[PDB]
Structure formats: C-alpha cells, structure tokens
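Novice: Protein sequences appear in the order of chains A and B.
If you use the UniProt record's numbering, the first sequence corresponds to residues 1 to 49, in order.
If you use the UniProt record's numbering, the second sequence corresponds to residues 5 to 276, in order.
Built from N, CA and C at the ideal position, the CB exists for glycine as well.
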Amino acid sequence: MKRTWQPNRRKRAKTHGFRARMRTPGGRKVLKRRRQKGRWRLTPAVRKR
Amino acid sequence: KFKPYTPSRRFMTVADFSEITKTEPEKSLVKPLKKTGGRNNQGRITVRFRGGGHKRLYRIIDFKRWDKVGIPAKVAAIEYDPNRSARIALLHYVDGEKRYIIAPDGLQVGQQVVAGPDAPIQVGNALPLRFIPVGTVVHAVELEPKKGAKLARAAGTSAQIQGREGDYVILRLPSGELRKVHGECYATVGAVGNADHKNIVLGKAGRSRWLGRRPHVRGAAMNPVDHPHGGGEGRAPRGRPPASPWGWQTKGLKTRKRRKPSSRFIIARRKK
RNA sequence: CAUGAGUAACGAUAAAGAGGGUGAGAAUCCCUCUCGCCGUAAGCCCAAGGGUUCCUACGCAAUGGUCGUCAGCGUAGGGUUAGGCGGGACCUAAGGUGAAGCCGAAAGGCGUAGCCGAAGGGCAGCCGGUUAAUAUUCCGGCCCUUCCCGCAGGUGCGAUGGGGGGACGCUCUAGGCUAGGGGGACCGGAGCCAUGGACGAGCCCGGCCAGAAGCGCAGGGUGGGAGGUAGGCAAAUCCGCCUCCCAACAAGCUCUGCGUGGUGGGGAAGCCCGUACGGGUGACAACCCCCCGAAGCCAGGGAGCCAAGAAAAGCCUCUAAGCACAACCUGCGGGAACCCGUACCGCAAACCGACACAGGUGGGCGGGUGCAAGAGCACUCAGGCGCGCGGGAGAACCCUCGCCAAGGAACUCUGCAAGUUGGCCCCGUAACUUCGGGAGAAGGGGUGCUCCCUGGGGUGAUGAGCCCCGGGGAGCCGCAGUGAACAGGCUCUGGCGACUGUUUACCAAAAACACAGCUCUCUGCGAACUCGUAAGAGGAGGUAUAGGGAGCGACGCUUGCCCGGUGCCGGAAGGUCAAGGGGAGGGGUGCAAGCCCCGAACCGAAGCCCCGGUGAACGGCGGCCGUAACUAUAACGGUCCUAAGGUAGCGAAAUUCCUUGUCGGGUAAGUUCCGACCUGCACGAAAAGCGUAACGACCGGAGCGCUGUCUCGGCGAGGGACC
RNA sequence: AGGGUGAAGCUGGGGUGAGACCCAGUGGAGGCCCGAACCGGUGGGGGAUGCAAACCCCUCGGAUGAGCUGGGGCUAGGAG
RNA sequence: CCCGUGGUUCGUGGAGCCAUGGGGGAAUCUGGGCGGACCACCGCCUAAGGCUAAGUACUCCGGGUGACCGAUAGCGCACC
Ligand SMILES: NC[C@@H]1O[C@H](O[C@H]2[C@@H](O)[C@H](O[C@@H]3[C@@H](O)[C@H](N)C[C@H](N)[C@H]3O[C@H]3O[C@H](CN)[C@@H](O)[C@H](O)[C@H]3N)O[C@@H]2CO)[C@H](N)[C@@H](O)[C@@H]1O
C-alpha cells in the first residue's frame, strides 16, 4: 500500500550525504547550526552499511 | 524511392482515415548522426504543452554548400529522418564523402547535380541567388550569406524568385510575402519534396497524436483557477484572453525590429 | 488512579485426533501414527532492503496478543574467506561536476573539455563431494584468465588522435539444438498375493549431469585485386568516390550434438540408530529405447510495417616517434594477481504500514492428471502448512451459505440483489449500415460411454511408435451424459457522448476534460511566446504544409441577421497632452558688471478623440396597430423603437412554471417514457444547430426469460453471541 | 499464459484494351473481439475503539496501447 | 549645476548640508563647499587619498557574590 516509505540504500543514502550538505549553502549552514548548536551528529551520517 | 501517400487502412475499427506513405529507398540511414535530448522540459524549467516523444533516431543534415562548391554529387538515393516536413536524399559527393541533403521536387536516385559558382539551373543544384534565373524556384535559401541555409522551407515548396534590385533579390516566401536577400547568398535549386504529407490523415487521435509525440492543450478548461479565460461553468468567457496572461489572438508582435522594413513587404496574409 | 469489564476482543471458517517422550508444569515443545488446506501456490530462486541474526550450548522473571520446560525471546561461544560469481581496479546516456568562457548587490545563474556518474556496455569456469553452520569462494576431478621475467619463433612495430566497428524498433516469423514434458515390462532392485479374484506385458523406484577439443548434426555473422585513390574522416598505403578483371549452394573467422579423456552422483522401499539437521543403506545400481517440444539458445536470422530503434574496448590504420635489434604478433618455460563482498529473512511475523498488522513491493519452468486452448478451473508432485489462546453445549439475533413451494414482481423510488444464463460443434441470424457491422443477434440441436464397417495430418520407408477429426452404423445405462470446477440472461426503445481513454488519491464508472478532425488568428526565424537579475535556455539543428492563442470538437446536412457600444485590425489630416527645446516676459537680491528664480508665444511620443475596417471576436437579433363577400388565424397595411432585429432545422426536451399542458400509445389503470401538437414561463449553429451506425460498469421508458424477491417466508449448515 | 477475428500486399483462376473490378488461396494486420498474470478499481455486500489512518467478498472494465512495470535522473512546493 | 534617489528630528515641502544613478561638466590659497532657498555681507573651513591606538558593546571560556531556585523552579538538561 505504497505507504511512501520503502527507502533505498541507494536513493536515500544517495540524495543525502555530508558532501551534499556542504554543497548547498543552506545545507552547510543548517549543518553547522544543528551540529554544534545542539550536538548530535548528522543523519547524512545516519547512513548504514 | 519516392513515397506513397493515400494508402489508407480501411474499417479496421475507427483506425479509419489513416494515411500511409512509403519512400521506397527504405534503407536505414547512415554513419553521420547523433540524437537529441528529451526537450520539452529545458534550461531545466519546464515548458509548452503537448510534448511526449515516441522512439528515437535524430538528425544531422547539410545546411551549407560552398563547401565543395562543385564536386558533383549523385543522389545516393532517397531516405529521411524522425524530423523534417519532407524527406531527404542522402547524397554522394564524387570525392568519397556524402551528405544528407534536402530532397527537392522528385529528383532521381543516381542523378548528378551539384552547385556553386555557376551550377546548371536544374532543380537539384544550388546557387548563389545572383545566378537566379528570375522566375524560377528554390528553397532552403539563405539571406545573409554564410549564415547557412537560412529559410529551410521545410517541406516548404515555396521559394519563388521574384525580380531583383540593389544587392538584394526579391522572393515570395511560403507565408505569402516577398523579402529580399543579397544575391551572393544562396538557394537550393527547385522545390521541396513533400505536401501530400501535409494532407495525411490519422486515426484514433490519442493513438496518432501521441505517437506524434505531442499530448495536449485544453483552454478555459473549467476551473479557470488559471486557464486565463473563464470556467466553473459551461459558457465561453468574454474578456477576450489566452493562457499564460495573454493577449487574445489578433494583435502585433513585431516592432522597430530594425529587421522588418529592412526588407520584405507584402505584409502578413494570403487568400485561398 | 479509577470506569464500563473481568462483558468486546485474539488478526482471517486452510479442521485437526491419537500414542509414546522430556519436563517443577506441557491444548499450546519433540518423535512417531491417523487426518484436512495449499501446489501454481501458502513453490523454490536472484535481487531489494533488514541488518541482526544463523548454528551449538545453557535460561525464561520481560516478549509473544494467557500458554509455554517453544523462539526469530535472554546469556555465551563459534559461524560466512572467490585470478576465473558480483562491483571497482575499464565505457558511457540521460545525468552531476566542472580547467575555459558567458553571466549577480553578494550569496549564484548558465558551462565545453576532461572526470564522476548504470543488473545500459564490456570481461577470464563447471560440476561432484565436506561443516552446527558458509560455497562455482573449501576439497577434489575436469577448463581457462590477463599481467610480469625470460627464452623460441614472427613482423614497418609503435597512439588512441582519422576511420571502419561493436549498434540496437515494433509485429511477426521458416530452420536447427539441450531444457523440459511424456510410454518404455526396457534393464537394475527392496517387497506383495492380505481380504471372491490377479503373481499376470501387476504394482513401487530409478533408468542421468558435468566432459579440452578432436570430431559429426544446424546454421549463425561475405567479397580478391589492382590502380586512379583531385574526400581524406587536417598529418601517410587504412575507410569512401571512379575504373578493368576474379567477384562460385566459395575458403572465411564467432554458439550447439557427439565427445569422450573422465569424474562424479546414482533411489525407491527397506529396516538400525539422532529431536531433528541425519545415516547406513542392494549388487548398489540398471543409467539403453521411443514419443512431444518452447516466447530459450544458435543468431548481429528471414518478411512485413512505420511512429522509421544510445555514447567509450576489439580488428585493424598511420604520428609521437621510437621502432627496428631489442617496439608489436605468436609458442614454451618460469612467475604473478590486491580492494569491498557470502550467514539467514527475504511475495514475507526479520523488507515498507508506529503491532507475530489477511495492504504493497521487481524478473526465473512455473511437476502432474483431466478440461478444445491455456500460470483460470477440481484433485494432487515435490516442497509447504494447520494462521496460536483452548473445551462446551449449541437458544435470540448479524454475519456466510443451502433448499422450496403455491404464485411467480405485485416488493420496491429502482427487479439493488439474487437467480436466469452461460464449456466448444453443427442447423440458423432481424430494423439499420460509414457495407468494417451490428452476431456470442436471435432461436434449435448437440455432446456420455460400448462394439462394428470406413478417410486423415505424425515418426528413419514406415509395421506394438502418436496427435486431427473422421464418418457413419447398431446399441449401452441413468431425471439427468461442459455430468464437479472453471463459464452470456435476453429483446425493444429514447437523451447524451462518438467510439480508446484520464481523473475525481478521500463517496462521486462517469460526465467533463481528452481528443482525430473545424475555423479564426499570431511569427519571420538571432521567429512568436515560457521561465530568466542579465547571462540563457527553451523554442527549432524546426524554420510558415512550420512553431504558438485559441471556441469546436468523428462524420452527414448546415453554418443566416446586426458591428451604432466593446476589444481588436487599418490611417495620425486634424483636436488633444509628459519630458523636453524654451524665450516673450515678470522677479528678488544687485550702489554695479552681475548673480541667481518664476518662467511660458511656438515646436514637441505613444497614447486618447476622430474616420474606415471588423464575428468559428465581446455581445446582442425586437415593440405595436390594420385589411382579402360572412364564422379562424394566416400575406402586409402602414406605423413607435433600435444595430438589425434570428434563417435553416428544432420544441412541453440533462431548458414548459400554468404541468399529472392537450391529443395519440403504451396500460386494469401512468404526472413514467415514445409519438404527435407547438400560445417556445426563458431553444437557434459555433461555449455549434438538426441528424448520425458503432461503441457506455452512461441515465431513463417497455416487454419475454428466470429467480424466497415480494405475498410473512418455513426448516437447514457454518461463525459470534451464551456456560 | 491462452483463444477467435479475420483487412493490405501477393499468387493463381475470371471477365476488356490493357485495365477496372470479381472470385479463390495466401495472409494472418491493433481494433482488436473473447477472456487470467497485469492495470483499474462501480454495482451490491461484509467491519465501525474493524486484519487496516482506506480493507475482505461476490461482481466488473481495459486486457499492445495515449499499455503495465524495476533501476537510474530533472522540474517543488505563491513554484511544481 | 538639471532630474532620478539615500541620509537627517524632515513623509515632498520656501527644504538646507553630506551622500550617489543618469547628462552636463572645473577652480591652485583674489582658490573653492560651508552659517542665512536665494542675493548683497561678514564669518567658517579648508574637501573629490592614507594610519592606529585610549575611554561605551559583547559573551564561548575562568573567579567570585546573590530580601536568585530546590528536584514537575531552576539550563529543558545536577550527571553514561
Ligand atoms: N421576408 C420576411 C418574411 O416574413 C417574416 O419577416 C419578419 C420581419 O421581416 C418583419 O419584422 C418587422 C420589423 O420591422 C419589426 N420586428 C417590427 C415589425 N412589426 C415587423 O413587421 C411585422 O409587422 C408588420 C406590420 N404589422 C407586418 O408586415 C407583419 O406582421 C410583420 N412583418 O416582420 C416579419 C415577422 O416578424 C419572417 N421573419 C422572414 O423570415 C420571412 O422571410
């Protein structure tokens, strides 16, 4: 029932990653923001395998 | 290698009024040719209705002759491309190399013709206007020399030689007008190759049209949320407007357009 | 922390019952025995994605929707290794990046080239055996792969730049091989009659799989020269252009069948033991014969038809320049070859829905019998289960499903539903028609199984070897003979719409929108628009038979009356006004040259006024009065009014309120529909008008057929309800 | 998956001048027609704190095309 | 200096000075903007380049004090 989930090691992994974030200025910006504003990490790190 | 126009399927349910055409060279093209991207979307914003595709070949054709202005060529033969309003002749240049070129009035496979500095005014060769035997026919024709075959009268059997003046000769172009081109410029001799095509009949629209590649257009399409015109009702609106914030369909476009007066007159119209 | 509540609920009506076992306790664990449901899936398989877990050993207080000594649960330990499988160590498209370059207030926008970037390209192995556990990765048998060192033989060798070349629809399709079906009493084998019978071409099991190349089936992919060799595809013998010969069902060079070296496996029972995961196990095999064959493979076929089907290795082919004495082509010897990957789940309790949620999620025959054909049907093969809460009587009543008679729609807003009806073969088939068709019209009749005479397309002629109907004849047994499961109810008729379709994810199967095809009309390509801050792309490598704006929407007949207002199209003679150019002139300060305002005669851009044009352009197309031997209107009979004043067809309609209009038909009766009439509350051709076959999960009106549907239904089975 | 339909071309036989054009055989095209896997989802029915934040059943339409589908991408949110 | 605009207590005005987008378009200390729109005065300052300290801001981080808090207030966050 295409509940829209079903991720893709590829696609998802792909679309999102350190690189990518640093690329788009918004990406980067939000990056640091979150990053040290409140610790955590980065789902663009979330990645598996 | 000409082509039948008229063959029409018959009563194979509503596949009715389907017109076939068959160039006899039937060979699959040759060596020189890449392909086109999937434009319709472009410069990556998206634009202009219809648009869909359907299979994929994609052309490269000669548009410039002064590049050998002489090496007779003999019709390699007939054939065409997933583009153009009137087939082509893959021609062979006596020097070895060949080139996809026009396809004027039914010439003939193996026929020799060429062009340049004086070509015999035989539909097929091409020449700098100037060699214009005023009262004759060509197409492909290009004003502003070098600017390549400019005015590729598609299946446009239309370049009618009409007198000359100054460094410009007068021409009657499809449209139903007369412009001017400095003689040294050029013209493919004779006329086009297709028209009946233009009359072709195709069955169940969806089927055909789409196959064409193009999908749709649907005006004042109810919910005029946009669709310029009215909707949310039967009735055809009033204002007198078109899609994407339009001016109806009876107003200019030209301007100073240094272009305009610069040549041509007849102004834009016909009367069949 | 209470409450309905110890009622509702346990995730599918694919059922389970026994015996023994282990246990502190076993409906709910283990074996084994009866039994039902899958099987075309509840099969296995690759992949995805999950990422623990998988196993083996202990344990269950949490977790499973209670169990629970069971687990995918908890604790610990061990478990996947590949030059030849895959992906990178290579290729590239879309496509992202981007040295250049064009471009922004900035952040960026655009971007060739080179790069990144694919189960799209390309590339060198297979099978049999061994672990609790992984395998073409391990072992073993068999078959190779490139790269390095050498040597041996052989050459204008020597880029990746030129080229040729790999490269490609769809529909279909001859010919040829295993897969893979299938009968061999055909050979090997462990057994049996239990029961009236048969030990007899009886049953039951099996009767292969891989094999350098050597070779024998099929074909599967073409030219030798020479020369001119005014292109070369810049640089040169390689391609392509011209010419004279040989251009042979030609030798050419790339997958099957045999090979066969040869290895390996080899199952029924059967009974001995482990829970099982399992193993001995018969010589241990017999391992031959004949049948049917594909959408698979050879194969880049072959034909036909348009909407006419991707870019980088490999073979050559020259510079660089080396080579040519140590470059490449080719044998043998020697020596090399790393990075990331497997466990298992994996049409699903481990992947996605917050749950062991009956939802969804990509490709691989899909074993067999029967059915005309077939992944549908019914029973099954292997292989998979028994959905995880149980026992119990079984009343109300909803559910699911079965039977009815009498009548057979009156129920009812609607025959909603449900039943009728449906499998192929022959008899036969209406108004209308775009002569394609409405026909599966419609209405009949058929089939089962026996024996008998009679023709055929298979397979090495053709003789136990099979598939097509034969055909006909006599006859057999049922109420019953597509015998069960797959499987049309039908006819008449009217409004719309053409018909194929998409959608409205969340009611709204269907009109609307599509549309093919009509007309107006826009644009000269550096078109016109569409996004854009330029840049720029788009558009179109298209180039007015073309690319846009549109109202319509096959087709047939047919598109009439007005442009006085509106928009748009055409002409600036004139009236008209911004800035401006501008100077008359007034002005303040100036003792004064002067310095500085205000400044307005006249010239002055589109526009606006004005004059024509103008409907498949907005948008509209009338009002009243009078007269032909009489009793009824009709012709103008002139007038009031405006731009004229609605034609053709059309009418109480997906527009008539007076309306259940009036007649007619249908009918026991009908505001329902069909047909008329036509004083059209308020139709009219282009947002089309009248009509118009085929086609609709269209909406509405008849009527035949059939049917617990209705006159109430009445009993019945399965599930909760209830103990 | 599977089955029926049965155009165009052609081949031959038939009639003029040849020809139209006919008949027959071949053929075996898209529409498709019939109907599963595939894709949609009315018509009726069955849950209401339901297997479920859109389901199960009986049923039904397309069932080669504007078809359906896995992988890889671009357009996006006053924009698509 | 003309208009097109920013500043400034100035929002259009009698509206000044600095500041710039358009077109015009120069003076060396008798020079040239500035006080008063503007004109006659006196006065003022010396423009269209350059450099930096020192005194008010800020709080990551350290120290200290609190008619500032007690585990639902305090940072949400008193400790994997
Ligand atoms: N040739 C005309 C023919 O007859 C008619 O003409 C019509 C039209 O022209 C004319 O219209 C005119 C117009 O001034 C305007 N509508 C007011 C005027 N009363 C009227 O005229 C009317 O009244 C007249 C005097 N009492 C009579 O002649 C007659 O009843 C009638 N024509 O009258 C006719 C009916 O309205 C049909 N309409 C037409 O199709 C057909 O061709």
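Comparing alpha-carbon positions, which option in B/26, B/55, B/28, B/258 lies nearest residue 213 of chain B?
Specialist: The residue you call residue 213 of chain B lines up with position 209 of the second sequence. Of the candidates B/26, B/55, B/28, B/258, the one whose C-alpha sits nearest the C-alpha of residue 213 of chain B is B/55.
Novice: First and last residue of the alpha helix (DSSP H) that includes residue 44 of chain A?
Specialist: Sequence index remark: in the first sequence, residue 44 of chain A carries index 44 (1-based). Element bounds for residue 44 of chain A: 43 to 46.
Novice: To test your reading of the DSSP string, which unbroken beta strand (DSSP E) runs of 3 or more residues are found completely within the segment 124 to 211 of chain B?
Specialist: With a minimum length of 3 residues, the continuous beta strand (DSSP E) runs that stay inside the segment 124 to 211 of chain B are 130 to 132, 141 to 146, 163 to 169, 172 to 177, 181 to 185, 190 to 193.
Novice: In or out: residue 198 of chain B buried (at least 16 other Cβ within 10 Å) or exposed?
Specialist: Within the second sequence, numbered from 1, the residue matching residue 198 of chain B stands at position 194. Buried: at least 16 other Cβ atoms inside 10 Å.
Novice: In three-state terms, what does DSSP make of residue 15 of chain A?
Specialist: Counting from one through the first sequence, the residue named residue 15 of chain A turns up at place 15. The answer is helix: DSSP assigns residue 15 of chain A an H, G or I state.
Novice: What do you reckon, are the CB atoms on residue 118 of chain B and residue 74 of chain B nearer than 8 Å?
Specialist: As a position in the second sequence, residue 118 of chain B is number 114, starting the count at 1. As a position in the second sequence, residue 74 of chain B is number 70, starting the count at 1. Yes; because the gap between Cβ atoms is below 8 Å, this pair is in contact.
Novice: Just curious, the alpha helix (DSSP H) that residue 273 of chain B is in, first and last residue?
Specialist: Locating residue 273 of chain B in the second sequence gives position 269, where the first residue counts as 1. It is not in any alpha helix (DSSP H) - residue 273 of chain B carries neither H nor E in the DSSP assignment.
Novice: Using a Cβ-Cβ cutoff of less than 6 Å, which residues in the same chain neighbour residue 125 of chain B once the five nearest sequence positions on both sides are dropped?
Specialist: Working through the second sequence from its first residue, we reach residue 125 of chain B at position 121. Closer than 6 Å at the Cβ level, and outside the excluded window around residue 125 of chain B, lie 137.
Novice: Below 8 Å between beta carbons: does that hold for residue 163 of chain B and residue 123 of chain B?
Specialist: Taking the first residue of the second sequence as 1, we reach residue 163 of chain B at position 159. Taking the first residue of the second sequence as 1, we reach residue 123 of chain B at position 119. It is not a contact, given that the beta carbons lie outside the stated cut-off.
Novice: Comparing C-alpha positions only, which one of B/107, B/252, B/159 sits nearest to residue 232 of chain B?
Specialist: As a first step, residue 232 of chain B is located in the second sequence; it is residue number 228 there, counting from the start. The option with the nearest alpha carbon to residue 232 of chain B is B/252.
Novice: Count the other C-beta atoms from every protein chain shown that fall within 10 angstroms of the C-beta of residue 161 of chain B, then say buried if there are 16 or more, exposed otherwise.
Specialist: Residue 161 of chain B sits at position 157 when you count from the first residue of the second sequence. So residue 161 of chain B counts as buried.
Novice: Per DSSP, what kind of secondary structure is residue 30 of chain A in: helix, strand or coil?
Specialist: Translated into positions along the first sequence, residue 30 of chain A becomes position 30. Here residue 30 of chain A sits in helix by DSSP.
Novice: Have a look at B/36, B/156, B/121, B/69 and flag the residue whose alpha-carbon is nearest the alpha-carbon of residue 90 of chain B.
Specialist: Sequence index remark: in the second sequence, residue 90 of chain B carries index 86 (1-based). Measuring from the Cα of residue 90 of chain B, the nearest candidate turns out to be B/156.
Novice: Let me know if residue 5 of chain B comes out buried or exposed under the rule of 16 or more other beta-carbons within 10 Å of its beta-carbon.
Specialist: One-based indexing of the second sequence puts residue 5 of chain B at position 1. So residue 5 of chain B ends up on the buried side.
Novice: Between the segment 83 to 99 of chain B and the segment 61 to 74 of chain B, are three or more C-beta pairs nearer than 8 Å?
Specialist: With the cut-off at 8 Å, the segment 83 to 99 of chain B and the segment 61 to 74 of chain B touch.
Novice: Do residue 97 of chain B and residue 77 of chain B have their CB atoms nearer than 8 Å?
Specialist: Within the second sequence, the letter at position 93 stands for residue 97 of chain B. Within the second sequence, the letter at position 73 stands for residue 77 of chain B. Contact flag set, yes.
Novice: Whether or not the segment 194 to 208 of chain B and the segment 142 to 153 of chain B are in contact is what I'm after, with contact meaning three or more pairs of Cβ atoms, one per stretch, closer than 8 Å; do they touch?
Specialist: The segment 142 to 153 of chain B, when compared against the segment 194 to 208 of chain B, does touch it at the 8 Å Cβ threshold.
Novice: Does the distance from the C-beta atom of residue 133 of chain B to that of residue 170 of chain B stay below 8 Å?
Specialist: As a first step, residue 133 of chain B is located in the second sequence; it is residue number 129 there, counting from the start. As a first step, residue 170 of chain B is located in the second sequence; it is residue number 166 there, counting from the start. Their beta carbons are not under 8 Å apart, which means residue 133 of chain B does not touch residue 170 of chain B by this criterion.
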